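Participant: pasting an experimental structure, sequence included:
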Amino acid sequence: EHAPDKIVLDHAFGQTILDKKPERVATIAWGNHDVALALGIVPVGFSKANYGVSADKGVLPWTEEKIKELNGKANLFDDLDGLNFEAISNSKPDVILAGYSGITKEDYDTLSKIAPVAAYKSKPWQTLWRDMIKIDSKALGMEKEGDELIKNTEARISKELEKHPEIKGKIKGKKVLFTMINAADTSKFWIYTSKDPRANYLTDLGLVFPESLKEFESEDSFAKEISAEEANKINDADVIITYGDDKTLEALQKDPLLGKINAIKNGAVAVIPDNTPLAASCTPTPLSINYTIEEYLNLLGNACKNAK
């Protein structure tokens, strides 16, 4: 008989309407569970991770830590291969958090037969970390707590910067590009745009994007593939970030085309050790940030020392 007030979510597939204070929270895709956990809520189910951790564990250190602290269990969807609708349904969720995600219209329609879905605003994988919090927390009926979580996460970042005066000054205003450069094939590579949370996080640390990036912001993607032939377009970058290994930088500087790029020949390159918790953290969540920001700043400060 009682009709509690509704939460109405605007997103890429229209609207989601649910009753205030949903109890059982499922999440899907990268990082959304870290929002629930940061807000003190243990999901009845969330997506398995296999980047920066083994599929066997399927959970990152900061996530595992927060769960244990909340005296909870980790209920993982066996969904590395794709959404596991059966597993999601069996968790009997009152809501499904997908604020940062790549779901299609068909995914959305099917998930919605299980529970109300908090989808991304516009485009797949184009949700910045603050907006992930805004979307997911509003779905929980916890907008206010979400804003407070954003403010505390911003404070965490600011605190760590203040503790490293040299690094803070050294990276401030450096023009940076987050990329994916495969040393085993340099004919083409990827540049993440400002719409990608991992590129955008860098601006939270005081870095900026070079003007060259704007050429690639027009396409509706979180990343653009460009040929080595175009590599000279980004000679205005002070520093470049890429995933890789201890062989990556050497290989790049020796490359006939990539080796002529200013930041690369300068050694102004932060190589994130691939498939590590640190690599995972570069797509930030409120939990990952606290856990890794010191290590990340040191890596960034060190690459920026080489900028000329």
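Facilitator: Here it is on my side, so go on. Residues are numbered from 1 along each chain as shown.
Participant: make it CA atoms for all contacts and neighbour counts henceforth
Facilitator: Will do.
Participant: could you list the domains of this protein?
Facilitator: Here the domain parsing of the chain from curated CATH domains is 1-142, 143-308.
Participant: pull the distance from the first one to the chain's centre.
Facilitator: The one in question is domain 1-142. 15 Å (Cα atoms, centre = their mean, to the nearest Å).
Participant: for residue 247, the count of nearby residues, please.
Facilitator: 10 (other Cα atoms under 10 Å).
Participant: gap between it and residue 176?
Facilitator: With the distance defined as Cα to Cα, to the nearest Å, residue 247 ends up 21 Å from residue 176.
Participant: what of residue 294?
Facilitator: Taking Cα to Cα, one finds residue 294 at 19 Å from residue 176.
Participant: who has more neighbours, the two?
Facilitator: residue 176 (26 against 16).
Participant: these two touch, right, the more buried one and residue 239?
Facilitator: Yes - counting by Cα atoms under 8 Å, residue 176 touches residue 239, with 4.9 Å between them.
Participant: buried residues, stretch 276-284. List them.
Facilitator: Neighbour-count burial for stretch 276-284 flags 277, 278, 279, 280, 281, 282, 283, 284 (criterion: 16 or more other Cα atoms under 10 Å).
Participant: which other helices and strands contact the helix or strand where residue 7 lies?
Facilitator: Applying DSSP states H and E as the criterion places residue 7 in strand 6-11. Applying 3 or more Cα pairs under 8 Å, 6 or more residues apart in numbering; DSSP states H and E, one finds that strand 6-11 contacts strand 14-19, strand 117-119, helix 129-139.
Participant: what's the angle from it to helix 129-139?
Facilitator: Angle, strand 6-11 to helix 129-139, by axes from the mean of the first three to the mean of the last three Cα atoms, to 10 degrees: 150 degrees.
Participant: going by neighbour count, list what's buried in strand 6-11.
Facilitator: Of the residues in strand 6-11, 7, 8, 9, 11 count as buried by neighbour count, 16+ other Cα under 10 Å.
Participant: kindly report the same for stretch 21-39.
Facilitator: 21-22, 24-39.
Participant: equivalent analysis for stretch 161-181, please.
Facilitator: Buried-residue list, stretch 161-181, by 16+ other Cα under 10 Å: 161, 167-168, 170-171, 173-181.
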